[PDB]
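# Overview (structure and organization)
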Amino acid sequence: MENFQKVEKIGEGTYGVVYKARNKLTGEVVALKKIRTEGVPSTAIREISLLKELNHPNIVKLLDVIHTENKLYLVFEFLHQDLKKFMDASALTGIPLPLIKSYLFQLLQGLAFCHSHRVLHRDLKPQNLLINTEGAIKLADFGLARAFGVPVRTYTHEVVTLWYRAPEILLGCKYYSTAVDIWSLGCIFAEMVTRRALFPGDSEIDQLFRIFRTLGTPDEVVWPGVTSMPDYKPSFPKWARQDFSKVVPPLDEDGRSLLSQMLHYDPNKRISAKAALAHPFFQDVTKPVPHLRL
Ligand SMILES: Nc1nc(Nc2ccc(S(N)(=O)=O)cc2)sc1C(=O)c1cccc(F)c1
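Residues numbered from 1 in each chain as written, not as in the entry; some residues may be left out. Heavy atoms only, no water.

The name the PDB entry gives the protein chain is Cyclin-dependent kinase 2, with Homo sapiens as the organism. Its PDB title, taken directly from the record, is "CDK2 in complex with inhibitor RC-2-36".

On to the site of the ligand. What surrounds the ligand is a group of 17 residues, the closest being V18, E77, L79, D82 and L130. One of the backbone N or O atoms of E77 is found 2.9 Å from a nitrogen atom in the ligand. Within the side chain of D82, an N or O atom sits 3.1 Å from a nitrogen atom of the ligand. Burial of the ligand by the surrounding chains reaches 87%, relative to a free accessible area of 570 Å². Listing elements by their share of the shell around the ligand, those giving two or more residues are β3 (29-35), β5 (72-77) and β6 (81-82). Here the shell around the ligand spans two domains, and each of domain 1 (1-80) and domain 2 (81-291) adds at least three residues to it. (Near = heavy atom within 4 Å. Polar contact = N/O pair within 3.5 Å; in protein donor to acceptor, adjacent residues only side chain to side chain. Areas by Shrake-Rupley, 256 points an atom, 1.4 Å probe, with all protein chains shown as cover. Helix = DSSP H or I, 4+ residues; strand = E, 2+ residues; numbered from the N terminus. Domains from an automatic or database assignment.)

What follows covers the pairing of strand β2 (residues 16-23). With seven of eight residues buried, β2 lies mostly within the body of the structure. As paired strands, strand β1 (residues 4-12) and β2 are joined by seven bridges and run antiparallel to one another. Within β2, the position partnered with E12 by the bridge is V17. Remark: three residues form the turn of the hairpin made by β1 and β2, two consecutive strands paired antiparallel. Alignment of β2 against β3, held across seven bridges, turns out to be antiparallel. Bridge assignment links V18 to a residue of β3, and that residue is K33. The hairpin turn running from β2 into β3, its antiparallel successor, is five residues long, and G27 in that turn takes a positive phi close to 75°. (Buried < 20%, exposed > 50% of the residue type's maximum accessible area, 1.4 Å probe, protein only. Pairing = 2+ DSSP bridges.)

Below, the structure written as structure tokens:
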């Protein structure tokens, strides 16, 4: 914008670019997302306004929304690092389990909160989970297709990551449920533990089949109605479910039990964020502080 001094480009959001910026008058440092001509939906901005009144310690605060000049700017409180960079920086030693547990616990609180407010994230991934020196982690870049849409590109030729997409989405479900966020978080949880993406698909079908090769090709037994889904094909190969202890070694049984519930094929059997918070895995949860190199 004009009242902002771009310090540097932080990346590519889901609808545009993200800059670290400084409010030329207040001096506050923020994250500024620039969106996109048609004219911007009203149904969108209102689903956005909802996002403004969404205040929780594990949700990145959306400070302002400016529509002017055939471009949409979203001003967010700024955090210094995303989980993707942190995981990469921790690849050699791995993130300590107490920190992994604390982050998962906080993200479930964040989700429990948005979900109870009928708000879905829709596109959780390490790049949109932000952390601070304080040991907090927050949900960022909500993709609400109800606040806009779920396109095939961010805005200008970018390879969308499908690694965290719930199977029901890949199978053509038109109406996502809060369960899609639990699935994505489950994938992230596994990745923090093993230091390797759980399902690194390179295409929608490869994504689907990597899920199938690991969790078993779903059928009507484990997922009633799956064979009636839009993109389900009787021709899908039939892979057996892999031993789960091979999936996330060396995560303890409480952790594996919880991940297992976050990765249930049936959206209705998949654990809710509220229930996951009560899982025995969190009995000894604490809030360690990360070693952040900024
Ligand atoms: N609030 C906020 N802060 C950020 N800082 C930051 C600082 C450093 C790093 S990094 N690669 O670790 O050096 C990453 C993010 S991004 C962001 C967003 O709200 C956001 C995130 C994703 C997409 C989007 F559209 C907006």
